[PDB]
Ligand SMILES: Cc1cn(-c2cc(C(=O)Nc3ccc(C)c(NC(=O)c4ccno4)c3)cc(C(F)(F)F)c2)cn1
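Take a look at this one chain, the form solved without the ligand, written out in structure tokens.
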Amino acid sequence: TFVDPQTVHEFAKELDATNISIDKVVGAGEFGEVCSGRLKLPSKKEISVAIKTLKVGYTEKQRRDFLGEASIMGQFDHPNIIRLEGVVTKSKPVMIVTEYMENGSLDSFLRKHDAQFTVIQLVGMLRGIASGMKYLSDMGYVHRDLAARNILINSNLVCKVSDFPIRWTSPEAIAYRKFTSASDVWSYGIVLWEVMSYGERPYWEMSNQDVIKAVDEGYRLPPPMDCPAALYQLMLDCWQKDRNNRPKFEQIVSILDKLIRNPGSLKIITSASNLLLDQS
């Protein structure tokens, strides 16, 4: 079980800054700089890491919000959830040190590689995301921000949930803030569409009020080009109006595992921009 958060040290290792080196500055983040480098582990193994710093002259609120990420992330230990290596708090600048992901955010990665992956490669990405979400939901953590931009992808194309948004949010969560693991399943359906669309923006740049109204009226994102029927159906299932009729994450993982085991199933393409009205 996830526990809602002073204890950053309850779930985060305090790292010795001697063991951290910076190789590359990526740019600015919400609370300070973002960079990458190397971490020397207690066993003397050396790994690549992502590093974020808290800006000089931070407010106490900024410090709390910054470190709050680690207090959440550190509760999880799963191959499809970004790993927290630790924090530095006993010297400044304060740091959060996480798993290095060579290929960055999934949406931008896919946009650089439009139509260049096999369907089985895409399904493997999606299965990893679903597995991470099955663990988060098993822990009782509702992410609320599940989107391809918040998924990171490593050198071997393994996708991992990060970031601990009307277009990604379920209708009931928009309507009255009803956030549950089933609203995360809705978001997963949007991620599925993003992946099969190679990082197209969900609902493009439709007015937010129109995204809200169209979805409420039963309109859904259309099938991505050459989308397997099984995967478009899975999107529609994730986008059921009744949250109780959406699949659970365990079911999503099983569905994708079956498609991986029977790749011929992916050859059935949906029959075959604008939204489609979906009555069931």
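Shifts are known only where both forms have a C-alpha. Think of the rigid core as the biggest set of C-alphas that the two forms share within 1.5 Å after superposition. Residue numbers here begin at 1 and follow the sequence given.
A second form of this protein, the form deposited with the ligand bound, is not displayed here; the remarks below concern that form.
In summary, the binding site of this form is blocked: after superposition of the surrounding C-alphas, the ligand from its pose in the bound PDB entry has 3 or more atoms within 2.4 Å of backbone or C-beta atoms.
In summary, among the residues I82, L122, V94, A173, the only one with a non-hydrogen atom within 4.5 Å of the ligand in the bound PDB entry is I82.
Between the ligand and the residues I190, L152, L110, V87, the one pair within 4.5 Å by heavy atoms in the bound PDB entry involves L152. Although the partner is absent from the chain shown here, none of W168, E200 and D237 has a heavy atom within 4.5 Å of the ligand in the bound PDB entry. Annotated contact segment (heavy atom within 4.5 Å of the ligand in the bound PDB entry): 155-163, selected among 203-211, 155-163, 176-184, 113-121. Contact between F31 and the ligand in the bound PDB entry is found at the 4.5 Å heavy atom cutoff. Taking the partner from the other structure, the ligand in the bound PDB entry has a heavy atom within 4.5 Å of a heavy atom of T98. For the chain shown alone, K52 is a contact residue for the ligand in the bound PDB entry, at least one non-hydrogen atom being within 4.5 angstroms. A residue is said to contact a partner when one of its heavy atoms sits within 4.5 Å of a partner heavy atom; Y141 meets this definition for the ligand in the bound PDB entry. Residues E69, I72, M73, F76, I81, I82 of 66-83 are found to place at least one heavy atom within 4.5 Å of the ligand in the bound PDB entry. A displacement of less than 2 angstroms separates the C-alpha positions of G218 between the shown form and the other one, with the rigid core held in common. With the core held fixed, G37 shows a CA shift below 2 Å between the shown form and the other one.
In the bound PDB entry, the CA atoms of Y58 and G29 move farther apart by at least 3 angstroms compared with the shown structure. Shown here is a form in which the CA atoms of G27 and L106 lie at least 3 Å farther apart than they do in the bound PDB entry.
At a threshold of 2 Å in C-alpha displacement, with the core superposed and only residues shared by both forms counted, 26-33 is the one segment of at least 3 consecutive residues that shifts between the shown form and the other one.
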